[PDB]
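**Q** Could you have a look at this structure, given as structure tokens, before my questions?
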Amino acid sequence: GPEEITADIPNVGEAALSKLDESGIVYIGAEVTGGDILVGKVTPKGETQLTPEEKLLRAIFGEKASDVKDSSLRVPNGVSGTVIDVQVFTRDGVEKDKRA
Amino acid sequence: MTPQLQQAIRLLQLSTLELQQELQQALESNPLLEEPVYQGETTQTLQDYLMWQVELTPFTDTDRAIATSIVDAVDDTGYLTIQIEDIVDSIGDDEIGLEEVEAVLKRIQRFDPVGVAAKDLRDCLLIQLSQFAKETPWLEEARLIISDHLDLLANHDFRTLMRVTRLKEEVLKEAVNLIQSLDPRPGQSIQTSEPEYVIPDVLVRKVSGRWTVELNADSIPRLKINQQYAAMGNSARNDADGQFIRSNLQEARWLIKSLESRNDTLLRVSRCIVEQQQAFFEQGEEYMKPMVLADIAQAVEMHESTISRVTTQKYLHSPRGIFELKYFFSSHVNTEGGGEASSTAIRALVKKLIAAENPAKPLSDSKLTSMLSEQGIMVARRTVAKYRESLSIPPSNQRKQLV
Amino acid sequence: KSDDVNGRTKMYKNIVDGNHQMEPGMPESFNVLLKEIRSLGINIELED
Amino acid sequence: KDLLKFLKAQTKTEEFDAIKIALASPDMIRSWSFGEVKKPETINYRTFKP
Amino acid sequence: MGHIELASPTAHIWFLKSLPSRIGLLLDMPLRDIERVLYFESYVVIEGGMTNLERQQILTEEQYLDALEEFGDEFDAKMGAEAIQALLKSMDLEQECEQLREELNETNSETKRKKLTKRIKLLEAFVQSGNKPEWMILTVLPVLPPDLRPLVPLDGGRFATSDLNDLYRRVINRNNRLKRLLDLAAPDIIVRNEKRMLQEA
DNA sequence: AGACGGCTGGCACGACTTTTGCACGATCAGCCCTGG
DNA sequence: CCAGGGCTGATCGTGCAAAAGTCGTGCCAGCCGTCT
């Protein structure tokens with residue numbers, strides 16, 4: 001699968017995702033400190049088949065259970081300071097260019 | 001129609017992995033045919049980390065032993081695998097009942113990731129609400145709908161749930177939010193990956209909006225006849241030796257030539273199927289013509305089987321994406337608009353249209369059929385139903401919820 | 001605190017509990033060395 | 001079994017007193033090994049398994 | 001840890017190549033001749049009992065060629081790594097040690113006093129240790145445990161191993177092709193060159 | 001609260017394509033034997 | 001000694017019909033929102 005950098009990852013509160021954009025990218029000017037999400041990105045893990053519990057679970061929430069494996073950027077434990085600017089390179093031909 | 005050739009032309013219809021492997025398989029038989037950093041840092045992740053906590057706490061020998069049994073049956077994805085009674089039977093005891101193991105298995109419920117090793121969903125969520133502050137407005141409500149009446153909640157319907165369980169539409173809905181903001185599957189909290197998965201073959205040329213027959217990187221199995229062993233052919237000692245050397249040499253030349261033949265065939269073969277299909281790439285994944293092998297052999301200068309075998313197990317790669325040649329095969333679909341369509345294009349459109357809709361009022365089959373007819377595609381309502389239910393897309397009437 | 005796998009864990013356990021004792025055991029580097037020496041035509045093993 | 005002697009018999013190391021060294025007999029090396037390797041292949045890239 | 005079959009015999013590099021010649025001190029053979037025999041040439045003789053020739057002499061390819069037709073099949077000789085093993089295994093240490101001691105104690109001279117006690121001490125140390133000289137030339141080869149040699153996980157495209165199993169896979173495939181060629185009755189020159197390459201690997 | 005109509009999903013006919021086993025005697029120029 | 005005929009090693013052709021998978025597409029059964 002194509003791990004798409006989103007702005008609505010799992011296992012993370014809304015307070016921590018209040019610094020991100022609509023396309024999932026830290027606002028330029030934010031005072032990112034300690035270890036926080038910088039560029040959300042979820043890897044598409046090979047989903048399973050039937051297994052009842054999942055079916056029930058999936059319906060309960062949706063677009064989370066048996067979906068992906070959260071693994072963003074996260075500022076290195078020991079780095080701080082305002083983020084000047086963010087650059088972004090995309091492979092020509094890919095239908096994206098969200099924040100680009 | 002040949003033995004010594006019938007396979008020498010079926011030996012390419014496989015992947016390069018196997019080809020290399022079988023080429024080595026026969027690279028021993030013919031003597032004359034031939035071709036720090038030990039700092040692997042370790043980690044934890046709810047197996048070692050879970051075990052790490054076990055030691056710190058005060059658990060006795062019989063309890064510690066039991067602890068590992070249950071802490072080792074904890075599937076990485078989330079909860080444990082086997083049932084509780086299983087665990088009692090795999091201790092190998094008769095004096096030890098469920099109660100004894102219950103505690104040891106209950107104590108772990110409160111470790112690093114609250115909810116680890118829960119088993120059967122309900123218990124997990126329920127526990128997570130226990131460590132919460134009792135001065136929470138929707139504490140009792142959530143708990144009441146956690147022990148029972150879960151099935152209804154799971155369904156798209158919610159009005160029948162509130163009327164029976166003595167719940168209001170206003171407050172109860174907000175209790176939902178506290179159950180919704182509760183993260184089941186806490187076992188993956190301390191989980192992560194680091195994979196790759198990528199194969200090369202025929203790349204792209206990228207010349208004025210065109211990618212082609214380009215070149216071959218690393219797929220040619222170095223098959224150069226040995227010259228130190230070949231010098232002894234003519235000056236052989238016995239008849240045995242001479243026969244041996246000549247037989248092996250002729251077969252080597254045969255294999256050299258068959259390998260070279262196989263290369264070229266697939267070398268320039270990657271420019272007509274993909275050209276006959278210049279809409280899926282450039283225009284996009286929507287815009288796709290039906291193509292058939294039978295029609296591909298008609299376009300190119302060769303037989304159907306010949307081309308079928310080359311194309312099989314040949315992952316292609318363009319800066320636009322990498323797809324296997326065999327995957328390009330698609331059936332038919334009347335359109336009446338200057339060219340037929342494919343069901344993959346049906347599936348992608350169904351999906352991009354379900355994506356761009358009203359979330360509260362879902363899109364449908366007859367609606368989708370009508371939308372298609374508007375754009376000029378004219379398909380059946382079944383094909384849409386099938387392509388929708390094939391992609392594990394849930395029913396859109398069952399996908400509705402409270403806006 | 002350098003090589004022993006169970007040793008560092010037991011030391012951590014004893015310090016968290018408040019016992020302040022030590023069990024020598026055996027480091028892993030010597031075992032790696034023995035395994036690397038046994039890879040050739042040389043025999044070596046610990047005796048009593 | 002007992003699930004108690006199997007866990008406690010994990011650090012049965014001696015004092016390693018009087019360490020010696022000798023030659024490796026061709027018949028004694030087989031006692032160290034369990035199987036025999038025959039294929040140079042290590043890991044397949046299809047499913048990531050040996 | 002595992003091991004490799006290695007049907008074809010092969011000597012060890014730490015012996016007979018260090019500062020003292022371990023195999024050279026047991027056979028009283030110069031280092032050049034021993035190195036030339038292990039490289040699959042010079043066609044050293046094994047026994048030469050009935051034939052009028054020494055047991056530890058050298059007979060070049062032309063020498064063996066023009067001597068085989070004179071003595072027939074009586075003059076047996078080998079030209080591989082197993083020749084040294086076969087010549088070494090047929091040696092009586094307890095009988096030769098007493099003779100060497102008597103010769104060194106009776107015939108004393110300026111140059112005879114030295115360069116002879118070393119061999120006697122080596123034979124005594126080898127006998128008192130219980131080891132066997134033929135154990136120097138190994139038949140199997142134990143491999144390094146795989147956990148101690150990681151594969152150096154790279155970006156993902158190519159594993160780029162630690163070049164420790166490369167020698168291993170080379171020896172494995174060489175022994176495999178050698179064993180496959182041995183079952184087809186290959187010519188002597190081809191199989192000799194292949195076993196020489198296996199010995200070198 | 002149940003009939004009416006829309007929605008949805010499962011199943012199967014049939015035209016078209018995907019693939020898969022079938023081991024073949026036939027053939028052409030160099031080499032060797034022979035008449036002019 | 002040279003050209004004609006027979007022997008034989010080299011060298012080709014990488015093809016073709018047969019049994020199964022695939023979706024256009026129609027039929028048919030179950031279920032729910034709403035007005036009666």
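In the structure tokens, chains take the letters A, B, ... in the order shown, each chain's residues start at 1, and ligands count up from 1 in the order shown.
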So that I can check the surroundings of region 15-27 of chain G, please list as JSON, numbers by chain every protein, DNA and RNA residue that reaches within 10 Å of it, counting only C-alpha atoms (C1' of nucleotides) and ignoring chain neighbours fewer than 2 positions away.

**A** {"B": [1, 303, 304, 305, 306, 330, 331, 332, 333, 334, 342, 343, 379, 380, 381, 382, 383, 386], "F": [11, 12, 13, 14, 15, 16, 17, 18, 19, 20, 21, 22], "G": [13, 29]}

**Q** Give me the residues near region 10-18 of chain C as a PDB file with N, CA, C and O atoms, in the first residue's frame, where near means some atom within 10 Å (using only C-alpha atoms (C1' of nucleotides)) and where sequence neighbours in that chain fewer than 5 positions away do not count.

**A**
ATOM      1  N   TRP B  52       9.632  -6.781  30.997  1.00  0.00           N
ATOM      2  CA  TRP B  52      10.432  -5.887  31.818  1.00  0.00           C
ATOM      3  C   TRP B  52       9.681  -5.482  33.075  1.00  0.00           C
ATOM      4  O   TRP B  52      10.233  -5.519  34.169  1.00  0.00           O
ATOM      5  N   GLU B  55       9.216  -8.241  36.155  1.00  0.00           N
ATOM      6  CA  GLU B  55      10.261  -8.416  37.152  1.00  0.00           C
ATOM      7  C   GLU B  55      10.196  -7.385  38.267  1.00  0.00           C
ATOM      8  O   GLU B  55      10.284  -7.726  39.445  1.00  0.00           O
ATOM      9  N   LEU B  56      10.043  -6.123  37.891  1.00  0.00           N
ATOM     10  CA  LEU B  56       9.993  -5.047  38.867  1.00  0.00           C
ATOM     11  C   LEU B  56       8.947  -5.260  39.960  1.00  0.00           C
ATOM     12  O   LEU B  56       9.226  -5.036  41.134  1.00  0.00           O
ATOM     13  N   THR B  57       7.749  -5.699  39.582  1.00  0.00           N
ATOM     14  CA  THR B  57       6.686  -5.928  40.562  1.00  0.00           C
ATOM     15  C   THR B  57       6.970  -7.142  41.443  1.00  0.00           C
ATOM     16  O   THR B  57       7.730  -8.028  41.062  1.00  0.00           O
ATOM     17  N   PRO B  58       6.340  -7.191  42.623  1.00  0.00           N
ATOM     18  CA  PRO B  58       6.542  -8.280  43.576  1.00  0.00           C
ATOM     19  C   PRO B  58       5.646  -9.481  43.306  1.00  0.00           C
ATOM     20  O   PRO B  58       4.579  -9.602  43.904  1.00  0.00           O
TER      21      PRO B  58
ATOM     22  N   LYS C   1      27.252  -4.586  34.109  1.00  0.00           N
ATOM     23  CA  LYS C   1      26.640  -3.443  33.441  1.00  0.00           C
ATOM     24  C   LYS C   1      27.132  -3.288  32.006  1.00  0.00           C
ATOM     25  O   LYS C   1      26.801  -2.300  31.339  1.00  0.00           O
ATOM     26  N   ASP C   4      26.812  -8.942  30.527  1.00  0.00           N
ATOM     27  CA  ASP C   4      25.853  -9.909  31.051  1.00  0.00           C
ATOM     28  C   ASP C   4      24.417  -9.468  30.796  1.00  0.00           C
ATOM     29  O   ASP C   4      24.021  -8.362  31.175  1.00  0.00           O
ATOM     30  N   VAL C   5      23.631 -10.332  30.149  1.00  0.00           N
ATOM     31  CA  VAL C   5      22.251  -9.986  29.827  1.00  0.00           C
ATOM     32  C   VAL C   5      21.354 -10.097  31.053  1.00  0.00           C
ATOM     33  O   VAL C   5      20.662  -9.136  31.408  1.00  0.00           O
ATOM     34  N   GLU C  23      25.611 -10.415  41.348  1.00  0.00           N
ATOM     35  CA  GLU C  23      25.834 -11.783  40.922  1.00  0.00           C
ATOM     36  C   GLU C  23      26.695 -11.785  39.667  1.00  0.00           C
ATOM     37  O   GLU C  23      26.260 -11.278  38.623  1.00  0.00           O
TER      38      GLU C  23
END

**Q** CA of residue 49 (chain E) and CA of residue 87 (chain E) are how many Å apart?

**A** 12.7 Å

**Q** Counting only C-alpha atoms, which residues of chain B fall within 12 Å of chain D, and what is the closest atom pair for each with its distance in Å at one decimal, ordered by chain and rising number, as JSON lines?

**A**
{"residue": "B:15", "atom": "CA", "partner": "D:46", "partner_atom": "CA", "distance": 10.8}
{"residue": "B:16", "atom": "CA", "partner": "D:45", "partner_atom": "CA", "distance": 11.6}
{"residue": "B:17", "atom": "CA", "partner": "D:45", "partner_atom": "CA", "distance": 8.6}
{"residue": "B:18", "atom": "CA", "partner": "D:44", "partner_atom": "CA", "distance": 10.4}
{"residue": "B:20", "atom": "CA", "partner": "D:41", "partner_atom": "CA", "distance": 11.3}
{"residue": "B:21", "atom": "CA", "partner": "D:41", "partner_atom": "CA", "distance": 9.1}
{"residue": "B:24", "atom": "CA", "partner": "D:40", "partner_atom": "CA", "distance": 10.3}
{"residue": "B:25", "atom": "CA", "partner": "D:39", "partner_atom": "CA", "distance": 10.3}
{"residue": "B:60", "atom": "CA", "partner": "D:4", "partner_atom": "CA", "distance": 11.9}
{"residue": "B:61", "atom": "CA", "partner": "D:4", "partner_atom": "CA", "distance": 8.2}
{"residue": "B:62", "atom": "CA", "partner": "D:4", "partner_atom": "CA", "distance": 7.8}
{"residue": "B:63", "atom": "CA", "partner": "D:4", "partner_atom": "CA", "distance": 10.8}
{"residue": "B:64", "atom": "CA", "partner": "D:4", "partner_atom": "CA", "distance": 10.0}
{"residue": "B:65", "atom": "CA", "partner": "D:4", "partner_atom": "CA", "distance": 7.1}
{"residue": "B:66", "atom": "CA", "partner": "D:3", "partner_atom": "CA", "distance": 8.6}
{"residue": "B:67", "atom": "CA", "partner": "D:3", "partner_atom": "CA", "distance": 11.7}
{"residue": "B:68", "atom": "CA", "partner": "D:7", "partner_atom": "CA", "distance": 10.2}
{"residue": "B:69", "atom": "CA", "partner": "D:3", "partner_atom": "CA", "distance": 9.7}
{"residue": "B:88", "atom": "CA", "partner": "D:3", "partner_atom": "CA", "distance": 11.9}
{"residue": "B:89", "atom": "CA", "partner": "D:1", "partner_atom": "CA", "distance": 11.3}
{"residue": "B:90", "atom": "CA", "partner": "D:3", "partner_atom": "CA", "distance": 8.8}
{"residue": "B:91", "atom": "CA", "partner": "D:3", "partner_atom": "CA", "distance": 6.6}
{"residue": "B:92", "atom": "CA", "partner": "D:1", "partner_atom": "CA", "distance": 6.3}
{"residue": "B:93", "atom": "CA", "partner": "D:2", "partner_atom": "CA", "distance": 8.1}
{"residue": "B:94", "atom": "CA", "partner": "D:2", "partner_atom": "CA", "distance": 11.6}
{"residue": "B:195", "atom": "CA", "partner": "D:48", "partner_atom": "CA", "distance": 10.0}
{"residue": "B:196", "atom": "CA", "partner": "D:45", "partner_atom": "CA", "distance": 10.1}
{"residue": "B:197", "atom": "CA", "partner": "D:45", "partner_atom": "CA", "distance": 8.0}
{"residue": "B:198", "atom": "CA", "partner": "D:45", "partner_atom": "CA", "distance": 9.1}
{"residue": "B:199", "atom": "CA", "partner": "D:45", "partner_atom": "CA", "distance": 9.2}

**Q** Include N, CA, C and O atoms and write out the residues we just selected as a short mmCIF file (atom, residue, chain, number, x, y, z; two decimals), in the first residue's frame.

**A**
data_model
loop_
_atom_site.label_atom_id
_atom_site.label_comp_id
_atom_site.auth_asym_id
_atom_site.auth_seq_id
_atom_site.Cartn_x
_atom_site.Cartn_y
_atom_site.Cartn_z
N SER B 15 9.54 -15.81 -12.70
CA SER B 15 10.22 -14.63 -12.22
C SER B 15 11.77 -14.71 -12.35
O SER B 15 12.34 -15.78 -12.64
N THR B 16 12.46 -13.59 -12.19
CA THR B 16 13.89 -13.63 -12.32
C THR B 16 14.50 -14.31 -11.09
O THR B 16 15.61 -14.86 -11.16
N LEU B 17 13.76 -14.31 -9.99
CA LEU B 17 14.23 -14.96 -8.77
C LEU B 17 14.47 -16.43 -9.06
O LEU B 17 15.58 -16.94 -8.89
N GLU B 18 13.42 -17.12 -9.50
CA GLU B 18 13.50 -18.54 -9.81
C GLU B 18 14.48 -18.83 -10.94
O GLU B 18 15.23 -19.81 -10.88
N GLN B 20 17.13 -17.31 -11.69
CA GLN B 20 18.49 -17.24 -11.14
C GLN B 20 18.82 -18.47 -10.36
O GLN B 20 19.95 -19.06 -10.46
N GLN B 21 17.79 -18.87 -9.62
CA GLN B 21 17.86 -20.05 -8.83
C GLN B 21 18.06 -21.34 -9.73
O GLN B 21 18.93 -22.15 -9.47
N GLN B 24 21.48 -21.31 -11.42
CA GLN B 24 22.44 -21.89 -10.46
C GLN B 24 22.28 -23.42 -10.33
O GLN B 24 23.24 -24.13 -10.16
N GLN B 25 21.03 -23.86 -10.37
CA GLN B 25 20.72 -25.28 -10.25
C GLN B 25 21.46 -26.06 -11.32
O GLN B 25 21.94 -27.16 -11.08
N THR B 60 5.52 -13.69 43.23
CA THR B 60 6.21 -14.89 43.69
C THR B 60 6.48 -15.89 42.57
O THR B 60 5.88 -15.82 41.50
N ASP B 61 7.40 -16.82 42.84
CA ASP B 61 7.81 -17.85 41.89
C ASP B 61 6.68 -18.50 41.10
O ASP B 61 6.75 -18.61 39.88
N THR B 62 5.64 -18.95 41.80
CA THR B 62 4.51 -19.56 41.13
C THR B 62 3.80 -18.48 40.33
O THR B 62 3.32 -18.72 39.22
N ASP B 63 3.70 -17.27 40.86
CA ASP B 63 3.02 -16.19 40.13
C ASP B 63 3.89 -15.73 38.94
O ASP B 63 3.37 -15.57 37.84
N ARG B 64 5.19 -15.48 39.17
CA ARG B 64 6.06 -15.09 38.06
C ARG B 64 5.99 -16.07 36.90
O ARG B 64 5.84 -15.66 35.75
N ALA B 65 6.10 -17.36 37.20
CA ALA B 65 6.05 -18.39 36.17
C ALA B 65 4.78 -18.26 35.34
O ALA B 65 4.82 -18.27 34.12
N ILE B 66 3.65 -18.14 36.03
CA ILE B 66 2.36 -17.99 35.36
C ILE B 66 2.33 -16.73 34.51
O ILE B 66 1.84 -16.75 33.38
N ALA B 67 2.87 -15.65 35.05
CA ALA B 67 2.89 -14.36 34.36
C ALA B 67 3.45 -14.46 32.95
O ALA B 67 2.86 -13.93 32.01
N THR B 68 4.58 -15.14 32.79
CA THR B 68 5.20 -15.28 31.48
C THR B 68 4.30 -16.01 30.49
O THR B 68 4.24 -15.65 29.32
N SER B 69 3.60 -17.03 30.97
CA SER B 69 2.71 -17.80 30.12
C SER B 69 1.67 -16.92 29.45
O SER B 69 1.41 -17.06 28.25
N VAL B 88 -4.78 -22.29 32.11
CA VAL B 88 -4.81 -23.16 33.30
C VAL B 88 -4.35 -24.59 32.98
O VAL B 88 -3.60 -25.28 33.74
N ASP B 89 -4.76 -25.03 31.81
CA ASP B 89 -4.34 -26.34 31.35
C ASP B 89 -2.83 -26.41 30.98
O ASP B 89 -2.22 -27.45 31.12
N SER B 90 -2.24 -25.29 30.55
CA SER B 90 -0.80 -25.21 30.16
C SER B 90 0.17 -24.85 31.31
O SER B 90 1.44 -24.64 31.19
N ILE B 91 -0.42 -24.62 32.45
CA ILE B 91 0.38 -24.70 33.66
C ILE B 91 0.75 -26.10 34.10
O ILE B 91 1.82 -26.28 34.66
N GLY B 92 -0.12 -27.08 33.83
CA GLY B 92 0.14 -28.45 34.21
C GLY B 92 -0.07 -28.65 35.70
O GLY B 92 0.82 -29.13 36.40
N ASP B 93 -1.26 -28.29 36.17
CA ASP B 93 -1.59 -28.42 37.58
C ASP B 93 -3.05 -28.80 37.79
O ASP B 93 -3.86 -28.74 36.86
N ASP B 94 -3.39 -29.19 39.01
CA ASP B 94 -4.75 -29.58 39.35
C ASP B 94 -5.23 -28.79 40.57
O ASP B 94 -6.43 -28.55 40.73
N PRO B 195 9.75 -2.04 7.01
CA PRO B 195 9.84 -2.92 5.84
C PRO B 195 10.32 -2.25 4.54
O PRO B 195 10.81 -1.12 4.58
N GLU B 196 10.17 -2.96 3.42
CA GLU B 196 10.60 -2.46 2.11
C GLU B 196 9.68 -2.90 0.95
O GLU B 196 8.87 -2.11 0.46
N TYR B 197 9.82 -4.16 0.53
CA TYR B 197 9.03 -4.77 -0.55
C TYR B 197 9.03 -4.06 -1.91
O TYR B 197 8.10 -3.32 -2.22
N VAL B 198 10.06 -4.31 -2.74
CA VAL B 198 10.15 -3.68 -4.07
C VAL B 198 10.98 -4.45 -5.10
O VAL B 198 12.14 -4.76 -4.85
N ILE B 199 10.39 -4.75 -6.26
CA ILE B 199 11.12 -5.42 -7.34
C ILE B 199 11.24 -4.63 -8.64
O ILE B 199 10.29 -3.97 -9.06
#

**Q** Could you list the residues in chain E lying within 10 Å of chain D, using only C-alpha atoms, and format the result as number ranges by chain?

**A** E: 1-5, 129-143, 151, 157-159, 165-166, 168-176

**Q** Residue 69 (chain A): which residues within 12 Å, counting only C-alpha atoms (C1' of nucleotides), same-chain residues fewer than 3 positions away excluded, as number ranges by chain?

**A** A: 1, 3-5, 9-11, 40-47, 64-66, 72; B: 77, 185, 187-195

**Q** Would you write out those residues with N, CA and C atoms, as an mmCIF file, in the first residue's frame?

**A**
data_model
loop_
_atom_site.group_PDB
_atom_site.id
_atom_site.type_symbol
_atom_site.label_atom_id
_atom_site.label_comp_id
_atom_site.auth_asym_id
_atom_site.auth_seq_id
_atom_site.Cartn_x
_atom_site.Cartn_y
_atom_site.Cartn_z
ATOM 1 N N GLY A 1 0.806 -1.206 0.000
ATOM 2 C CA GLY A 1 0.000 0.000 0.000
ATOM 3 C C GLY A 1 0.842 1.260 0.000
ATOM 4 N N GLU A 3 1.477 4.423 1.894
ATOM 5 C CA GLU A 3 1.321 5.178 3.134
ATOM 6 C C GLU A 3 1.154 6.667 2.850
ATOM 7 N N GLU A 4 -0.074 7.155 2.966
ATOM 8 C CA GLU A 4 -0.352 8.559 2.709
ATOM 9 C C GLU A 4 -0.210 9.388 3.974
ATOM 10 N N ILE A 5 0.545 10.477 3.887
ATOM 11 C CA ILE A 5 0.738 11.354 5.031
ATOM 12 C C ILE A 5 -0.570 12.075 5.328
ATOM 13 N N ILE A 9 -4.291 10.634 12.424
ATOM 14 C CA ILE A 9 -3.735 9.349 12.826
ATOM 15 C C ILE A 9 -4.426 8.777 14.061
ATOM 16 N N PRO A 10 -4.186 7.490 14.340
ATOM 17 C CA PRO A 10 -4.754 6.796 15.495
ATOM 18 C C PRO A 10 -3.801 6.874 16.682
ATOM 19 N N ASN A 11 -4.256 6.429 17.850
ATOM 20 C CA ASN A 11 -3.444 6.444 19.064
ATOM 21 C C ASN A 11 -2.776 7.792 19.319
ATOM 22 N N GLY A 40 2.701 13.674 10.227
ATOM 23 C CA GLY A 40 1.923 12.454 10.337
ATOM 24 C C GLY A 40 2.000 11.594 9.094
ATOM 25 N N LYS A 41 2.157 10.288 9.288
ATOM 26 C CA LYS A 41 2.240 9.343 8.182
ATOM 27 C C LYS A 41 1.964 7.933 8.687
ATOM 28 N N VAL A 42 0.913 7.309 8.166
ATOM 29 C CA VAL A 42 0.541 5.963 8.594
ATOM 30 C C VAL A 42 0.809 4.905 7.531
ATOM 31 N N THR A 43 1.586 3.889 7.897
ATOM 32 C CA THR A 43 1.928 2.802 6.988
ATOM 33 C C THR A 43 0.798 1.787 6.887
ATOM 34 N N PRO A 44 0.365 1.484 5.654
ATOM 35 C CA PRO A 44 -0.726 0.536 5.425
ATOM 36 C C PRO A 44 -0.299 -0.894 5.710
ATOM 37 N N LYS A 45 -0.682 -1.408 6.873
ATOM 38 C CA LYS A 45 -0.341 -2.771 7.247
ATOM 39 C C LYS A 45 -1.313 -3.738 6.585
ATOM 40 N N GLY A 46 -0.795 -4.873 6.126
ATOM 41 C CA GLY A 46 -1.615 -5.880 5.479
ATOM 42 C C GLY A 46 -2.811 -6.270 6.326
ATOM 43 N N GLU A 47 -3.989 -5.807 5.921
ATOM 44 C CA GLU A 47 -5.222 -6.097 6.647
ATOM 45 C C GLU A 47 -5.574 -7.581 6.625
ATOM 46 N N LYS A 64 -9.869 3.095 11.165
ATOM 47 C CA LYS A 64 -8.843 3.091 12.200
ATOM 48 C C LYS A 64 -8.425 1.660 12.502
ATOM 49 N N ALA A 65 -9.378 0.855 12.955
ATOM 50 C CA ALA A 65 -9.106 -0.541 13.266
ATOM 51 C C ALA A 65 -8.734 -1.275 11.986
ATOM 52 N N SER A 66 -7.664 -2.067 12.055
ATOM 53 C CA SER A 66 -7.156 -2.835 10.919
ATOM 54 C C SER A 66 -6.988 -1.929 9.708
ATOM 55 N N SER A 72 4.999 8.614 12.495
ATOM 56 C CA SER A 72 5.285 9.936 11.941
ATOM 57 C C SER A 72 6.752 10.343 12.041
ATOM 58 N N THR B 77 -0.353 -7.610 17.621
ATOM 59 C CA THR B 77 -1.392 -6.743 17.080
ATOM 60 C C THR B 77 -2.212 -6.063 18.173
ATOM 61 N N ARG B 185 -7.678 -1.530 21.006
ATOM 62 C CA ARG B 185 -6.461 -2.142 20.468
ATOM 63 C C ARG B 185 -5.213 -1.435 21.029
ATOM 64 N N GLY B 187 -2.760 -2.588 22.449
ATOM 65 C CA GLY B 187 -1.562 -3.400 22.336
ATOM 66 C C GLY B 187 -0.597 -2.968 21.252
ATOM 67 N N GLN B 188 -1.082 -2.173 20.309
ATOM 68 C CA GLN B 188 -0.252 -1.702 19.212
ATOM 69 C C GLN B 188 0.384 -0.354 19.540
ATOM 70 N N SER B 189 0.080 0.166 20.727
ATOM 71 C CA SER B 189 0.614 1.454 21.170
ATOM 72 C C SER B 189 2.137 1.501 21.109
ATOM 73 N N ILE B 190 2.779 0.439 21.583
ATOM 74 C CA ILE B 190 4.234 0.356 21.568
ATOM 75 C C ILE B 190 4.700 -0.521 20.412
ATOM 76 N N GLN B 191 4.034 -0.381 19.270
ATOM 77 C CA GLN B 191 4.362 -1.164 18.087
ATOM 78 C C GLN B 191 4.824 -0.280 16.934
ATOM 79 N N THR B 192 5.646 -0.847 16.052
ATOM 80 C CA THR B 192 6.160 -0.112 14.900
ATOM 81 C C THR B 192 6.700 -1.069 13.836
ATOM 82 N N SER B 193 6.944 -0.546 12.636
ATOM 83 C CA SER B 193 7.452 -1.355 11.532
ATOM 84 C C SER B 193 8.653 -0.693 10.866
ATOM 85 N N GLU B 194 9.267 -1.443 9.949
ATOM 86 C CA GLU B 194 10.412 -1.000 9.153
ATOM 87 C C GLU B 194 10.685 -1.965 7.981
ATOM 88 N N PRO B 195 9.753 -2.039 7.011
ATOM 89 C CA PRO B 195 9.839 -2.919 5.839
ATOM 90 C C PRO B 195 10.322 -2.250 4.544
#

**Q** Using DSSP assignments from the backbone, pull out every residue in chain A that falls under helix (DSSP H, G or I) and give it to me as a list in words.

**A** residues 16, 17, 18, 52, 53, 54, 55, 56, 57, 58, 59 and 60 of chain A

**Q** Write out as a list in words which residues come within 12 Å of residue 34 (chain A) when counting only C-alpha atoms (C1' of nucleotides), dropping same-chain ones fewer than 6 positions away.

**A**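 The residues satisfying every condition are residues 74, 75, 76, 77, 78, 79, 80, 81 and 82 of chain A.
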
**Q** Check chain E with DSSP on the backbone and list each residue it calls strand (DSSP E or B), as number ranges by chain.

**A** E: 3-4, 10, 45, 77, 138, 141-142

**Q** Quick one, how far is CA of residue 321 (chain B) from CA of residue 276 (chain B)?

**A**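 It comes out at 17.4 Å.
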
**Q** Env of residue 24 (chain A): 6 Å cut, atoms = only C-alpha atoms (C1' of nucleotides), seq-sep filter 3 positions within chain, self excluded. Answer as a ChimeraX atom specification.

**A** /A:6-7,20-21,40

**Q** Provide the CA of residue 260 (chain B) to CA of residue 227 (chain B) distance in Å, to one decimal place.

**A** 19.3 Å

**Q** Find the residues in chain C near chain E: any atom within 8 Å counts, using only C-alpha atoms. Write them as a list in words.

**A**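 Therefore, the residues near the partner are residues 32, 35, 36, 38, 39, 40 and 41 of chain C.
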
**Q** What are the residues of chain E lining chain B at 6 Å or less? Count only C-alpha atoms, and put the answer as a list in words.

**A**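 Every residue meeting the condition is included here: residues 156, 177 and 187 of chain E.
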